[PDB]
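Student: start_23.cif (mmCIF, C-alpha atoms) pasted underneath:
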```cif
data_coords
#
loop_
_atom_site.label_atom_id
_atom_site.label_comp_id
_atom_site.auth_asym_id
_atom_site.auth_seq_id
_atom_site.Cartn_x
_atom_site.Cartn_y
_atom_site.Cartn_z
CA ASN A 74 -29.28 -69.95 50.36
CA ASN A 75 -31.50 -68.35 47.72
CA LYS A 76 -35.16 -68.03 46.82
CA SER A 77 -34.42 -70.66 44.17
CA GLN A 78 -32.85 -72.81 46.90
CA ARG A 79 -35.84 -72.20 49.17
CA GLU A 80 -38.17 -73.31 46.38
CA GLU A 81 -35.95 -76.34 45.77
CA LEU A 82 -36.15 -77.41 49.41
CA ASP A 83 -39.90 -76.78 49.44
CA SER A 84 -40.16 -78.99 46.35
CA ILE A 85 -38.08 -81.61 48.17
CA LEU A 86 -40.61 -81.47 51.01
CA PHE A 87 -43.48 -81.73 48.51
CA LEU A 88 -41.84 -84.75 46.86
CA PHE A 89 -41.46 -86.29 50.33
CA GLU A 90 -45.18 -85.77 50.94
CA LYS A 91 -46.04 -87.21 47.52
CA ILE A 92 -43.84 -90.28 48.05
CA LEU A 93 -45.51 -90.81 51.42
CA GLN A 94 -48.99 -90.47 49.91
CA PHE A 95 -48.44 -92.59 46.79
CA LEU A 96 -46.65 -95.45 48.61
CA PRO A 97 -48.24 -96.01 52.04
CA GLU A 98 -47.72 -99.78 51.99
CA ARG A 99 -43.99 -99.37 51.32
CA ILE A 100 -43.72 -96.98 54.27
CA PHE A 101 -45.65 -99.46 56.42
CA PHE A 102 -42.86 -101.93 55.55
CA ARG A 103 -40.25 -99.55 57.08
CA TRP A 104 -38.75 -98.56 53.74
CA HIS A 105 -35.65 -96.34 54.04
CA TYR A 106 -36.28 -96.07 57.78
CA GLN A 107 -32.87 -94.61 58.65
CA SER A 108 -32.89 -92.30 55.62
CA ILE A 109 -36.39 -91.01 56.40
CA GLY A 110 -35.49 -90.48 60.05
CA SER A 111 -32.30 -88.59 59.17
CA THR A 112 -34.14 -86.43 56.64
CA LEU A 113 -36.87 -85.63 59.17
CA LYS A 114 -34.31 -84.75 61.85
CA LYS A 115 -32.43 -82.49 59.42
CA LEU A 116 -35.68 -80.79 58.36
CA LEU A 117 -36.71 -80.42 62.02
CA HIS A 118 -33.84 -77.97 62.57
CA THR A 119 -34.87 -75.31 65.09
CA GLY A 120 -32.52 -72.72 63.58
CA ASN A 121 -34.77 -72.16 60.57
CA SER A 122 -37.99 -70.15 60.32
CA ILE A 123 -41.34 -71.04 61.88
CA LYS A 124 -42.59 -72.20 58.47
CA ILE A 125 -39.71 -74.68 58.11
CA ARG A 126 -40.32 -76.10 61.58
CA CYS A 127 -44.05 -76.41 60.88
CA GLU A 128 -43.33 -78.21 57.60
CA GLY A 129 -40.95 -80.58 59.38
CA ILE A 130 -43.55 -81.32 62.05
CA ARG A 131 -46.14 -81.94 59.32
CA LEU A 132 -43.81 -84.35 57.50
CA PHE A 133 -43.06 -86.18 60.75
CA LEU A 134 -46.80 -86.50 61.41
CA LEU A 135 -47.39 -87.90 57.91
CA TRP A 136 -44.50 -90.34 58.34
CA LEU A 137 -45.83 -91.66 61.66
CA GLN A 138 -49.38 -91.79 60.28
CA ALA A 139 -48.27 -93.95 57.35
CA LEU A 140 -46.11 -96.02 59.71
CA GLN A 141 -49.20 -96.44 61.96
CA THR A 142 -48.18 -98.40 65.10
CA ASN A 143 -44.74 -99.39 63.78
CA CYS A 144 -43.11 -96.19 65.09
CA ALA A 145 -40.17 -96.87 67.41
CA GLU A 146 -39.48 -95.29 70.80
CA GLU A 147 -37.62 -92.28 69.38
CA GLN A 148 -40.54 -91.42 67.09
CA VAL A 149 -42.91 -91.40 70.07
CA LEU A 150 -40.47 -89.37 72.16
CA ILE A 151 -40.10 -86.81 69.37
CA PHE A 152 -43.88 -86.77 68.95
CA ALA A 153 -44.39 -86.22 72.68
CA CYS A 154 -41.94 -83.27 72.50
CA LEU A 155 -43.09 -81.72 69.22
CA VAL A 156 -44.92 -78.88 71.00
CA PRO A 157 -42.56 -76.96 73.33
CA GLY A 158 -43.53 -75.47 76.66
CA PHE A 159 -44.59 -78.83 78.11
CA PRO A 160 -42.57 -80.59 80.83
CA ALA A 161 -39.83 -82.86 79.54
CA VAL A 162 -41.19 -86.34 78.84
CA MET A 163 -39.96 -88.97 81.30
CA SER A 164 -38.12 -91.29 78.90
CA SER A 165 -35.76 -94.21 79.48
CA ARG A 166 -32.80 -91.93 78.75
CA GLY A 167 -34.39 -89.27 80.95
CA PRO A 168 -36.10 -85.90 80.62
CA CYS A 169 -35.68 -84.44 77.15
CA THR A 170 -37.16 -81.96 74.67
CA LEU A 171 -37.11 -81.66 70.89
CA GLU A 172 -34.02 -79.43 70.89
CA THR A 173 -31.91 -81.91 72.86
CA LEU A 174 -33.43 -84.88 71.01
CA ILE A 175 -32.32 -83.51 67.64
CA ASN A 176 -29.07 -82.24 69.22
CA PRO A 177 -27.98 -84.86 71.80
CA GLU A 201 -42.76 -63.90 66.00
CA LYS A 202 -42.31 -64.95 69.62
CA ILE A 203 -43.76 -68.34 70.50
CA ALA A 204 -46.49 -68.07 73.14
CA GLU A 205 -46.86 -71.85 73.63
CA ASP A 206 -49.66 -71.59 71.05
CA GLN A 207 -48.03 -74.18 68.78
CA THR A 208 -50.45 -76.73 70.25
CA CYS A 209 -53.33 -75.43 68.12
CA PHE A 210 -51.15 -75.19 65.00
CA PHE A 211 -49.92 -78.75 65.62
CA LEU A 212 -53.49 -80.00 66.10
CA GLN A 213 -54.81 -78.32 62.95
CA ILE A 214 -51.84 -79.72 61.01
CA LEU A 215 -52.63 -83.18 62.38
CA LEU A 216 -56.32 -82.91 61.45
CA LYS A 217 -56.25 -81.63 57.87
CA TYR A 218 -53.24 -83.78 56.99
CA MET A 219 -54.71 -86.96 58.42
CA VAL A 220 -57.62 -86.33 56.05
CA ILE A 221 -55.45 -85.98 52.94
CA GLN A 222 -55.80 -89.78 53.13
CA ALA A 223 -52.33 -91.15 52.48
CA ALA A 224 -54.20 -94.46 52.44
CA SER A 225 -54.55 -95.50 48.81
CA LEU A 226 -57.96 -97.27 49.23
CA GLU A 227 -56.81 -99.47 46.31
CA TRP A 228 -54.72 -102.49 47.28
CA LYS A 229 -55.96 -101.25 50.67
CA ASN A 230 -59.24 -101.19 52.59
CA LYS A 231 -61.84 -98.67 53.72
CA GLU A 232 -60.69 -99.28 57.30
CA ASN A 233 -57.43 -97.43 56.63
CA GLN A 234 -59.44 -94.20 56.45
CA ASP A 235 -60.27 -94.55 60.15
CA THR A 236 -57.32 -96.53 61.53
CA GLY A 237 -54.65 -93.84 61.20
CA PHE A 238 -56.76 -91.11 62.79
CA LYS A 239 -57.85 -93.48 65.57
CA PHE A 240 -54.21 -94.29 66.34
CA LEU A 241 -53.22 -90.61 66.31
CA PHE A 242 -56.10 -89.63 68.59
CA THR A 243 -55.29 -92.50 70.95
CA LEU A 244 -51.63 -91.45 71.16
CA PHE A 245 -52.55 -87.80 71.73
CA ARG A 246 -54.99 -88.74 74.50
CA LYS A 247 -52.42 -91.07 76.06
CA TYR A 248 -49.60 -88.52 76.14
CA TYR A 249 -50.76 -84.89 76.02
CA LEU A 250 -54.26 -85.17 77.51
CA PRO A 251 -53.35 -86.21 81.11
CA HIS A 252 -51.07 -83.20 81.52
CA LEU A 253 -53.41 -80.85 79.64
CA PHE A 254 -56.38 -81.90 81.82
CA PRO A 255 -55.09 -82.31 85.40
CA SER A 256 -58.69 -82.86 86.56
CA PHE A 257 -59.53 -85.47 83.91
CA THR A 258 -61.38 -88.49 85.30
CA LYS A 259 -63.60 -91.38 84.19
CA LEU A 260 -67.17 -90.79 85.36
CA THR A 261 -69.35 -89.92 82.36
CA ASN A 262 -70.85 -93.02 80.74
CA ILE A 263 -74.28 -93.33 79.13
CA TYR A 264 -74.10 -97.09 79.59
CA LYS A 265 -74.53 -97.83 83.30
CA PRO A 266 -75.45 -94.17 84.02
CA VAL A 267 -74.09 -93.53 87.51
CA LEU A 268 -75.25 -90.05 88.55
CA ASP A 269 -74.39 -87.94 91.60
CA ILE A 270 -75.16 -84.44 92.89
CA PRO A 271 -72.49 -81.80 92.10
CA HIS A 272 -71.42 -79.37 94.82
CA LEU A 273 -69.96 -75.87 94.97
CA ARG A 274 -66.39 -74.95 94.03
CA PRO A 275 -64.05 -72.24 95.33
CA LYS A 276 -63.27 -69.06 93.42
CA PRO A 277 -60.00 -68.94 91.45
CA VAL A 278 -58.06 -65.71 91.77
CA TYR A 279 -58.43 -63.38 88.78
CA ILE A 280 -55.44 -61.09 88.31
CA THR A 281 -57.68 -58.70 86.32
CA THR A 282 -54.64 -57.62 84.29
CA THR A 283 -54.30 -56.86 80.56
CA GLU A 287 -60.49 -53.32 77.31
CA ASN A 288 -58.99 -55.17 80.28
CA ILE A 289 -59.30 -58.91 79.68
CA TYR A 290 -58.79 -61.32 82.57
CA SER A 291 -56.98 -64.61 83.16
CA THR A 292 -56.08 -67.08 85.90
CA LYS A 293 -52.77 -67.96 87.54
CA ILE A 294 -53.35 -71.72 87.08
CA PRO A 295 -50.78 -73.12 84.62
CA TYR A 296 -51.83 -74.85 81.40
CA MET A 297 -55.29 -73.32 80.97
CA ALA A 298 -55.14 -71.76 77.50
CA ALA A 299 -54.34 -75.24 76.20
CA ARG A 300 -57.54 -76.52 77.83
CA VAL A 301 -59.48 -73.63 76.28
CA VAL A 302 -58.09 -74.38 72.82
CA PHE A 303 -58.73 -78.13 73.14
CA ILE A 304 -62.33 -77.67 74.29
CA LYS A 305 -62.99 -75.05 71.61
CA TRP A 306 -61.66 -77.37 68.90
CA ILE A 307 -63.70 -80.33 70.17
CA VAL A 308 -66.81 -78.12 70.16
CA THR A 309 -66.09 -76.86 66.64
CA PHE A 310 -66.08 -80.49 65.54
CA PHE A 311 -69.54 -80.84 67.10
CA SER A 375 -71.64 -76.08 66.36
CA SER A 376 -70.05 -77.86 63.39
CA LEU A 377 -72.24 -75.91 60.98
CA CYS A 378 -72.24 -73.59 57.96
CA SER A 379 -69.36 -75.47 56.25
CA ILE A 380 -67.32 -72.29 55.84
CA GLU A 381 -64.11 -73.88 54.54
CA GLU A 382 -65.84 -75.73 51.65
CA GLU A 383 -62.56 -77.47 50.73
CA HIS A 384 -62.15 -79.71 53.80
CA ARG A 385 -65.79 -80.35 54.69
CA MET A 386 -66.40 -83.98 53.69
CA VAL A 387 -63.29 -84.84 55.69
CA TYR A 388 -64.73 -82.92 58.65
CA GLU A 389 -67.80 -85.14 58.31
CA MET A 390 -65.46 -88.15 58.24
CA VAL A 391 -63.69 -87.08 61.43
CA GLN A 392 -67.08 -86.36 63.03
CA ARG A 393 -68.09 -89.95 62.25
CA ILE A 394 -64.77 -91.11 63.72
CA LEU A 395 -65.44 -89.10 66.89
CA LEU A 396 -68.89 -90.70 67.07
CA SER A 397 -68.29 -94.22 65.83
CA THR A 398 -67.17 -96.08 68.99
CA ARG A 399 -68.15 -96.42 72.64
CA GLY A 400 -64.79 -95.20 73.91
CA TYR A 401 -64.90 -92.03 71.82
CA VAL A 402 -68.50 -91.52 72.98
CA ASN A 403 -67.32 -91.60 76.59
CA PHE A 404 -64.40 -89.31 75.74
CA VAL A 405 -66.71 -86.74 74.14
CA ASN A 406 -69.07 -86.87 77.12
CA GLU A 407 -66.13 -86.47 79.50
CA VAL A 408 -64.69 -83.48 77.64
CA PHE A 409 -68.16 -81.91 77.67
CA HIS A 410 -68.33 -82.52 81.43
CA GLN A 411 -64.89 -80.91 81.75
CA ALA A 412 -66.48 -77.98 79.97
CA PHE A 413 -68.82 -75.88 82.16
CA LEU A 414 -66.14 -76.34 84.86
CA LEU A 415 -63.67 -73.70 83.64
CA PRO A 416 -63.31 -70.44 85.60
CA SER A 417 -65.31 -67.37 84.64
CA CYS A 418 -62.47 -66.25 82.37
CA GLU A 419 -63.17 -67.25 78.75
CA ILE A 420 -66.63 -68.67 79.44
CA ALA A 421 -67.92 -68.20 75.87
CA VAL A 422 -66.76 -71.75 75.09
CA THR A 423 -69.37 -73.10 77.52
CA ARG A 424 -72.12 -71.29 75.61
CA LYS A 425 -70.87 -73.10 72.50
CA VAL A 426 -71.44 -76.42 74.30
CA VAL A 427 -74.89 -75.12 75.26
CA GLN A 428 -75.64 -74.48 71.58
CA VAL A 429 -74.33 -77.96 70.74
CA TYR A 430 -76.69 -79.57 73.25
CA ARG A 431 -79.53 -77.37 71.99
CA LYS A 432 -78.89 -78.74 68.50
CA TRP A 433 -78.70 -82.28 69.89
CA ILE A 434 -81.70 -82.45 72.24
CA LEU A 435 -85.06 -80.82 71.39
CA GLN A 436 -83.82 -80.77 67.78
CA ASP A 437 -82.40 -83.17 65.18
CA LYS A 438 -81.23 -86.15 67.24
CA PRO A 439 -78.23 -87.98 65.75
CA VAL A 440 -77.43 -91.70 65.93
CA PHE A 441 -75.39 -90.74 69.01
CA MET A 442 -78.61 -90.55 71.05
CA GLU A 443 -80.69 -92.89 68.87
CA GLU A 444 -82.30 -95.75 70.78
CA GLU A 498 -63.56 -100.92 75.83
CA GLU A 499 -65.12 -100.65 72.37
CA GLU A 500 -67.80 -103.30 71.82
CA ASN A 501 -70.10 -102.27 68.94
CA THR A 502 -69.68 -99.57 66.31
CA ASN A 503 -73.36 -98.63 66.59
CA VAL A 504 -73.99 -96.51 69.68
CA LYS A 505 -77.72 -97.17 70.20
CA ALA A 506 -77.76 -95.13 73.41
CA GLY A 507 -81.11 -94.26 74.93
CA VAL A 508 -81.88 -90.55 74.92
CA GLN A 509 -83.06 -90.68 78.55
CA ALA A 510 -79.61 -91.44 79.96
#
```
Please express what this file holds, its structure, as structure tokens.
Tutor:
Amino acid sequence: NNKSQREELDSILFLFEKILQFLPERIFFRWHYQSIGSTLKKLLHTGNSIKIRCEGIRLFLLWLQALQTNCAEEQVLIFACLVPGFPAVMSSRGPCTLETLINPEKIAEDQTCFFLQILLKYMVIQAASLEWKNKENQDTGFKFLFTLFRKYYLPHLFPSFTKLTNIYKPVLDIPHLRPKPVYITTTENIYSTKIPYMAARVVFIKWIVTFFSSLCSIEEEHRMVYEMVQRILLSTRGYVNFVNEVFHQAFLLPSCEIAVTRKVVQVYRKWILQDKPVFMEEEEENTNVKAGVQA
């Protein structure tokens, strides 16, 4: 291999991205399905650098986004095993990971956030043409991706996830006390908790909050698309309930890394007693929320 060869393979990846963007309808018609799958599997080689693996994951995400709901079982299984460190997905063949699926600088299981930020800003590159297409294709791909992520990764990420929060039919109870998790007080000495899969919850809640605190438009190159994804997050009843439930899951984390809760406090300060969005203006049923502020 050479730097010229590295640039050639990067240009091959860029041409792959361009051919996915320029021809979404052809991809939706499973064009070169076996060839695309083989190319993705070859590019998903774990023996290369972190950049190569990230590019392969990005290309796989774009391919499944353009394919929408036409992805087969192996695409879903690969998608469910894209981020390592998670338990092997219970498939028909059996437990498996990405390494054994493709083969039938230390990673700190932080590839979840990189994967999520790749999914976000590359869903918004809008492989949908919008010509010979419709405006609905802007929202459909991201809705499908969010639904799949919530179906697969969310239940394991949130072991305490449950369905209580709902503005419509507002059933309310009285919360009670909770025990104290053990703090190892190890490694200024920052603290942590022995409960597995907690940093993933912190990252997920922080990202959800940053989409809502969603101020100052620092990036300035992906801001209209952030507004688009904000509308997607608040454009349906189900996503409304999901946002309320993730906020309820917030404020429940242990004392370690509690600054995320204050972010939710700032979000609610911006919402109530301030500019009130359509979210509080007075199964998905209607796009308009029209939820009373009292509930």
Student: Pick out the closest residue to residue A:123 from this set: A:149, A:82, A:203, A:220. Count all atoms listed in the file.
Tutor: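 With all atoms listed in the file as the atom set, the closest residue is A:203.
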Student: Determine, for each residue of stretch 228-390 of chain A having at least one atom at most 10 Å from an atom of stretch 416-422 of chain A, the closest pair of atoms and their separation in Å to one decimal, counting all atoms listed in the file; order by chain and ascending number, as CSV.
Tutor:
```
residue,atom,partner,partner_atom,distance
A:275,CA,A:416,CA,9.9
A:276,CA,A:416,CA,7.9
A:277,CA,A:416,CA,6.9
A:278,CA,A:416,CA,9.4
A:279,CA,A:418,CA,8.1
A:281,CA,A:418,CA,9.8
A:289,CA,A:418,CA,8.4
A:290,CA,A:418,CA,6.2
A:291,CA,A:418,CA,5.8
A:292,CA,A:418,CA,7.3
A:297,CA,A:416,CA,9.7
A:298,CA,A:419,CA,9.3
A:301,CA,A:422,CA,7.6
A:302,CA,A:422,CA,9.3
A:304,CA,A:422,CA,7.4
A:305,CA,A:422,CA,6.1
A:306,CA,A:422,CA,9.8
A:308,CA,A:422,CA,8.1
A:309,CA,A:422,CA,9.9
```
Student: Could you tell me how far atom CA of residue A:230 sits from atom CA of residue A:140, in Å to one decimal place?
Tutor: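 These two atoms are separated by 15.8 Å.
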Student: For residue A:405, which residue out of A:170, A:262, A:283, A:148 is the nearest one, using all atoms listed in the file?
Tutor: A:262
Student: Ranking A:77, A:97, A:151, A:508 by minimum distance to residue A:248 and counting only C-alpha atoms, which one comes first?
Tutor: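 Checking each candidate against residue A:248, we get A:151 as the closest.
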Student: With the PyMOL selection byres ((chain A and resi 387) around 12) as the selection, what would be picked from this file? Answer as JSON, numbers by chain, please.
Tutor: {"A": [216, 217, 218, 219, 220, 221, 222, 234, 235, 238, 310, 379, 381, 382, 383, 384, 385, 386, 388, 389, 390, 391, 392, 393, 394]}
